[PDB]
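**Student:** Take this structure first; my questions come after.
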DNA sequence: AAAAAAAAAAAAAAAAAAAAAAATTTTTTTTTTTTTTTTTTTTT
DNA sequence: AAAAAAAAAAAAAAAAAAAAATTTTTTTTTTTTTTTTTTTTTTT
Ligand SMILES: Nc1ncnc2c1ncn2[C@@H]1O[C@H](COP(=O)(O)OP(=O)(O)O)[C@@H](O)[C@H]1O
Ligand SMILES: Nc1ncnc2c1ncn2[C@@H]1O[C@H](COP(=O)(O)OP(=O)(O)O)[C@@H](O)[C@H]1O
Ligand SMILES: [Mg+2]
Ligand SMILES: [Mg+2]
Ligand SMILES: [Zn+2]
Ligand SMILES: [Zn+2]
Ligand SMILES: [Zn+2]
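What follows is the structure, encoded as structure tokens:
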């Protein structure tokens, strides 16, 4: 349901959290097929057969069967994506409870988002929204290891400060050690940490789509944990991701307008 | 107790009245009808005409022109009232007001400090354009010593933290954390422009200044255009611009320093809050138009055509003898040289680029070369094309190192990204590049333009950025023969010193021999002396430069077919051309000449704006090539 | 999400059933009527009878007795839902339940660690009562690092901060601020009782301990009043005054100390959080009463006493020669000194104190002195009036 | 033998790594001084 | 025999003393890259 508050705050409330999580579980189990097949069963079967770690769902099917979620999706994509991670984890564990050792996580990708913006036109009005876009990869660094649930040795006493989740926005920083009570020079325990693959690509508008008097514009993009090395330089790629501003990128330094960089946490990369 | 800016609020009142009561000649409220459209997303500015301002109220117009900076947010809020009262927009959306048709005008030399903070308009050539970004305008902060949120602090073209924490018993001036979601941004592009070539003083480098483009007036400017800008001249704070101490602010509190903490040196400056005040002019473009607009606004451009220009170009197309008429209009100065006139006109119209199913990009542009004895109007033809067309870049020989010739790189001074600075080929993209002293280009860059000619594209990967820049330009080249004078007893490939692949790529080659025939000599002397005696008159361009330029822009988007009869004539005529080749011409005939002939036939169909290339066009194209290719004259 | 004290939960259910079921002899629910009386302010206490509870159900009584301190907050919550489900009263008013009529009694010396937590019934005279106070019961705190708010950290008869800041990425156990406005309180008074004369074993000083009083029982006991505290023995944290090192409570995590921060010395003790476990035994009374029930303004006494006692008082008051009758009642063993019996009796009944227009005190009570040759029952007269 | 073209050298400018540089009071403990109370020893 | 002076022991309060304590930013350095001059080498 809808109220005066914003969509993001709404979906942050626990009542609608349970509402939409239940709805996602419901159509995951019940949206059978165009022609009565229960396609999610077979998709999950192949997903666990390979241990793909990542499911993908069609936005047309999503919106058509259940449209409230589809409308909410570009507004506050991060929260919806986290909940659908949890719900997909529930359903895959239901189908194969043996999956528990397998990555303890499932990502979910959204395909065929209807409204494609163009890299020339991505303004303030798209921040913190899931957009679809096209381009060509001009650069793609190697796969690097990222912290995802990091444990820290308090190097005053070698207590293992527990596994802190690592959001993409700001680097996690423990306050103090629960044992010796010091905000000490903590340092990462290389082993108990469970890292996550991180790759950084840069897409740009294709010259076939650039206009007459122009320079093609380029947007960064971050691939994480399953999409790394899913695209090489020069690949014409569709990218779907949360156009994003609030990580630490900002020209707060001297000699600069108060002007922010941007990225795209890629949620689906599709070569063409 | 919320002191009110009396003049600014009266301006808000009077301008709101202007918005809601100024009506066009038809009688309807034009700006109500324009404010209707701000309800749409991706639209947050009205474009109010300064002449309308003047007509409705001269007092308010002069007040805005003299106090433009102070009144601007007030006019924006007036528009916010004017639109929110009628329609049910999102409450958070901001709005802007764009002025144009301003009566006065100034120059980048005239933009002196007295013009700071008040409306002013200039012309310029947009050098380069940095990427779009979100810029913070009003920030919401959190004080990290009492966790109180400080609301709605303005950014004066610099990242501004709150000057002191709003809590009285907490004097935090340092530790503030920006709450990004609560803050509001403005879309923002920084562009660099420089003095127009007309306005240069003597011995003066073209000055260049940076122009900021806030929301909705953001991608309108583009590199290479000739744009008028209108807006404020503001000052953006600079720091560490000079190695000599200058003007510095500091608090007027009379504090001293206790022993062991004495307010001296670095501690002293930090305590007093000393900070240099170094500024730099940065124009703040409120609106942007082409300085020489093409129209007052194929089917889309046709709709954009006004009725008068539409019927003008219609009767132009329907005209016969438009061929020689366009020749005369393009080159009233020139006498003779009809082959060069024809080739250059066809070059301006261009061919139809095509591409294969496999992916081979068939060329559509048609490059022309003028080679001849000295003082035969070669550079003059190139200058005519330059001064005539838009997207007509010019360069001469060894005056252009390769980086500026094709493309260069700089880092975004604001962000991490890189700006790919546009070279001559880019600025000539989808147009003409006039290269003079083409024979005297270094190998290092003649190969670069050869790559551009082969692929219509150059990919630059240098200094930390890679990109694939498109350049579909057409090259009009001037080439001096070896020895200074052409030699008709030698082949063209040994008269000039171009690389064989470059010469192959070149579509048309014209030979201009400076023979001494006195009827022609009388003609030329009479022509140029007539011009000098009667400068202003003695020109009979039957269609004005603007007329034919609009005709070119409208004609360009028609893409001819090639009908079967014309194809039969094409193949048989190329066969006849090979029979000629089989005595010998100064430059041999290959399949590339077939390619040239079909592209010129396409360009003649483009001149007549047809959707079918006919045997008339094919015959004329063959005649053009046949007369271009000359028999080497051994004694 | 959570795990419950299952026996405490079922006991709360059965205890609410007791509150709402148990009819008195008349048939109407006396505890329901007392709960109705509980509506007023300064009425946040229901005193309950173990005999009624036992007649309701045996095993309920057995578990309540055997683990009274386990279930006791759950009993108070049971009372609170019992009244709130049918009455209107401030939502933060906390209704406590105390107990009475426990059949058995214990000496003070029978305090033993086996009795901790489980309900008892002691009897020893009062020595001194301390003033009323507001005690903290469960406060809300603010972590001074991340400014996170922690709700209702229960106290254990000591000013206990929460075990760790509720933020997962925050290890604060050292820097908290009590939000005193949001914290909740209860009336509290500690009275120091001691073993009576009869219960004293040979050779011993009396055993004195500091019983606690909470809620409506905050003032029912006074100096000298030989009372009967039916509460529950309880160990409170104790002092740093013990010289013999005993019962360190320390951490199990086996964390060591690096070079420079070797865990040896005061640094190491604080790092492991090693603390002493000393204790003393204090009594948590919930409903005080007189030892011997005193007779079960003139009209105040007339109302307080029962009908049989009232008619006995009335008829003896009317009866003649009560002078001589009371003399032989109050000194049946002594012989002679009849006039002294008369005089001491008149002093016992006393006169009337009088105040003037000037306000000077004018004494009403009588003072009597006895002198005589030794062994003439002087001390016996004094002992007679004493008892 | 001298001119033109190409290759290498010299010098200025920029980007990242890693070692240096700077900031930086408040709350709790506990010894010592003082007073007070109960008792024993001594004096009237 | 009663009064009182002295002794030891216990407690309160004020002054001094005890103890606790990493993170962010800036600057040198190294290393390449690019421009333009100089030099050298090939051609007619
Ligand atoms: N046929 C002609 N018609 C008109 N002007 C001519 C003609 N031939 C030569 N000229 C004159 O010669 C001048 C120089 O010619 P130009 O093309 O600059 O020589 P070059 O080809 O060496 O650059 C021009 O300004 C032009 O006026
Ligand atoms: N006149 C009396 N009548 C009864 N009992 C007496 C009388 N005189 C002395 N006694 C007895 O003497 C006993 C001891 O007397 P006691 O209380 O020691 O007197 P005192 O303390 O004055 O010496 C008591 O048991 C008491 O009953
Ligand atoms: Mg020339
Ligand atoms: Mg006696
Ligand atoms: Zn630790
Ligand atoms: Zn503050
Ligand atoms: Zn905390």
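Residue numbers (the deposited numbering), protein chains in the order written: chain 2, 176 to 447; chain 6, 16 to 312, 322 to 606, 610 to 662; chain E, 16 to 311, 321 to 411.
Yeah, the Cβ is synthetic: ideal placement off N, Cα and C, and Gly gets one too.
Relative to the alpha-carbon of residue 229 (chain E), which residue among 41 (chain E), 402 (chain E), 300 (chain E) has its alpha-carbon at the smallest distance?
**Tutor:** The shortest Cα separation from residue 229 (chain E) among 41 (chain E), 402 (chain E), 300 (chain E) belongs to 300 (chain E).
**Student:** Could you pull out every unbroken beta strand (DSSP E) segment of at least 3 residues lying fully inside the region 84-160 of chain E, listed in chain order?
**Tutor:** Within the region 84-160 of chain E, the complete beta strand (DSSP E) runs of at least 3 residues are 111-115, 139-144, 148-158.
**Student:** If residue 512 (chain 6) sits next to residue 454 (chain 6), beta carbons under 8 Å apart, how far is it from one beta carbon to the other, in whole angstroms?
**Tutor:** Not really, about 37 Å apart at Cβ, beyond 8 Å.
**Student:** DSSP on residue 329 (chain E), reduced to helix/strand/coil?
**Tutor:** Of the three classes helix, strand and coil, the one that applies to residue 329 (chain E) here is coil, per DSSP.
**Student:** Could you pull out every unbroken beta strand (DSSP E) segment of at least 3 residues lying fully inside the region 312-336 of chain 2, listed in chain order?
**Tutor:** Taking only runs of at least 3 residues, the beta strand (DSSP E) segments lying wholly in the region 312-336 of chain 2 are 319-329.
**Student:** May I ask you to list, following chain order, the residues of the region 159-183 of chain 6 that have a beta carbon less than 8 Å from some beta carbon of chain 2?
**Tutor:** Flagged, chain order: 170, 172, 173, 174, 175.
**Student:** Using only alpha-carbon positions, find the residue among 295 (chain 2), 278 (chain 2), 312 (chain 2), 382 (chain 2) that is nearest to residue 376 (chain 2).
**Tutor:** Out of 295 (chain 2), 278 (chain 2), 312 (chain 2), 382 (chain 2), 312 (chain 2) has the C-alpha closest to the C-alpha of residue 376 (chain 2).
**Student:** So what does DSSP say about residue 220 (chain E), is it helix, strand or coil?
**Tutor:** In the structure shown, residue 220 (chain E) sits in coil (DSSP, three-state: anything other than H, G, I, E or B).
**Student:** Going by DSSP, name the residue or residues bridged to residue 418 (chain 2).
**Tutor:** Note: residue 418 (chain 2) sits in a beta bridge opposite 304 (chain 2), 439 (chain 2).
**Student:** Out of curiosity, what's the CA-to-CA distance linking residue 382 (chain 2) and residue 140 (chain 6)?
**Tutor:** Each residue's alpha carbon lies about 24 Å from the other.
**Student:** Ligand 4 and residue 402 (chain E): does any heavy atom of the ligand fall closer than 7 Å to the residue's C-beta?
**Tutor:** Yes; taking the cut-off as 7 Å, the Cβ of residue 402 (chain E) has a heavy atom of ligand 4 nearer than that.
**Student:** Looking at the secondary structure, which residues open and close the alpha helix (DSSP H) in which residue 402 (chain E) lies?
**Tutor:** Start and end: 402-410.
**Student:** Please list, in chain order, the residues of the region 265-292 of chain 2 that have any C-beta partner in chain E closer than 9 Å.
**Tutor:** Of all residues in the region 265-292 of chain 2, none has a Cβ within less than 9 Å of some Cβ in chain E.
**Student:** Since residue 347 (chain 2) meets chain E, which of its residues come closer than 9 Å, beta carbon to beta carbon?
**Tutor:** Those are 184, listed as they occur along chain E.
**Student:** Ignore the nearest five residues each way along the sequence and tell me which others in residue 39 (chain E)'s own chain have a CB closer than 7 Å to its CB.
**Tutor:** Excluding sequence neighbours, residue 39 (chain E) sits near 45.
**Student:** Residue 430 (chain 2): beta carbon under 7 Å from a heavy atom of ligand 1?
**Tutor:** Checking every heavy atom of ligand 1 against the Cβ of residue 430 (chain 2), none is found closer than 7 Å.
**Student:** Span of the alpha helix (DSSP H) holding residue 21 (chain E)?
**Tutor:** Here the alpha helix (DSSP H) through residue 21 (chain E) covers 21-36.
**Student:** For chain 2, is any of its Cβ atoms less than 8 Å away from the one on residue 280 (chain E)?
**Tutor:** So no, residue 280 (chain E) is outside the interface.
**Student:** Can you pull the chain E neighbours of residue 356 (chain 2), defined as C-beta to C-beta under 7 Å?
**Tutor:** Those are 186, 188, 189, listed as they occur along chain E.
**Student:** Go ahead and pull the three-state DSSP assignment for residue 199 (chain E).
**Tutor:** Here residue 199 (chain E) sits in strand by DSSP.
**Student:** Based on the DSSP output, what are the partners of residue 494 (chain 6) in its beta bridges?
**Tutor:** Answer by DSSP bridge pairing, in chain order: 481 (chain 6).
**Student:** At a cut-off of 7 Å, would you count residue 359 (chain 6) as near ligand 1, judging by its Cβ distance to the nearest heavy atom?
**Tutor:** Residue 359 (chain 6): yes, Cβ under 7 Å from ligand 1.
**Student:** Looking at the secondary structure, which residues open and close the alpha helix (DSSP H) in which residue 365 (chain E) lies?
**Tutor:** Unbroken alpha helix (DSSP H) run through residue 365 (chain E): 362-373.
**Student:** Mind the definition here: the region 362-377 of chain 2 touches the region 313-329 of chain 2 only if three or more C-beta pairs lie below 8 Å; say whether that holds.
**Tutor:** Contact holds: three or more Cβ-Cβ distances are below 8 Å.
**Student:** For a contact defined as C-beta to C-beta under 9 Å, what are the partners of residue 432 (chain 2) on chain 6?
**Tutor:** Those within 9 Å of residue 432 (chain 2) in chain 6 are 148, 150, 151, 170, 172, 173, 174, 203, 205, 227, 251, 438.
**Student:** To the nearest angstrom, how far is it from the Cα of residue 190 (chain 6) to the Cα of residue 212 (chain 2)?
**Tutor:** Roughly 59 Å between the two C-alpha positions.
**Student:** Out of 26 (chain 6), 499 (chain 6), 99 (chain 6), 221 (chain 6), which one is the CA nearest neighbour of residue 405 (chain 6)?
**Tutor:** Of 26 (chain 6), 499 (chain 6), 99 (chain 6), 221 (chain 6), the residue nearest in Cα terms is 499 (chain 6).
**Student:** Does ligand 6 have even one heavy atom less than 7 Å from the beta-carbon of residue 155 (chain 6)?
**Tutor:** Incorrect: residue 155 (chain 6) has no Cβ contact closer than 7 Å to ligand 6.
**Student:** For the alpha helix (DSSP H) that residue 394 (chain E) lies in, which residues bound it at each end?
**Tutor:** Segment: none, residue 394 (chain E) is in no alpha helix (DSSP H) and carries neither H nor E.
**Student:** Closer than 7 Å between the C-beta and any heavy atom of ligand 6: which residues qualify, listed along the chain?
**Tutor:** The answer, residue by residue, is 158 (chain 6), 160 (chain 6), 161 (chain 6), 163 (chain 6), 180 (chain 6), 182 (chain 6), 185 (chain 6), 187 (chain 6).
**Student:** Put residue 351 (chain E) into one of helix, strand or coil per three-state DSSP.
**Tutor:** Correct three-state label for residue 351 (chain E): helix.
**Student:** Cβ closer than 9 Å: which chain 2 residues qualify as neighbours of residue 96 (chain E)?
**Tutor:** Here the premise fails: no neighbours, minimum Cβ distance about 25 Å.
**Student:** In terms of residues, what are the limits of the beta strand (DSSP E) holding residue 649 (chain 6)?
**Tutor:** Where residue 649 (chain 6) is concerned, there is no enclosing beta strand (DSSP E), although the alpha helix (DSSP H) it sits in stretches over 642-655.
**Student:** By the 8 Å beta-carbon criterion, what residues does the region 312-331 of chain 2 contribute toward chain E?
**Tutor:** Against chain E - using a Cβ distance shorter than 8 Å - the residues of the region 312-331 of chain 2 are 330, 331.
**Student:** Is DSSP giving residue 396 (chain 2) helix, strand or coil here?
**Tutor:** Reduced to three states, the DSSP call for residue 396 (chain 2) is strand.
**Student:** Does DSSP put residue 167 (chain E) in a helix, in a strand, or in coil?
**Tutor:** The answer is strand: DSSP assigns residue 167 (chain E) an E or B state.
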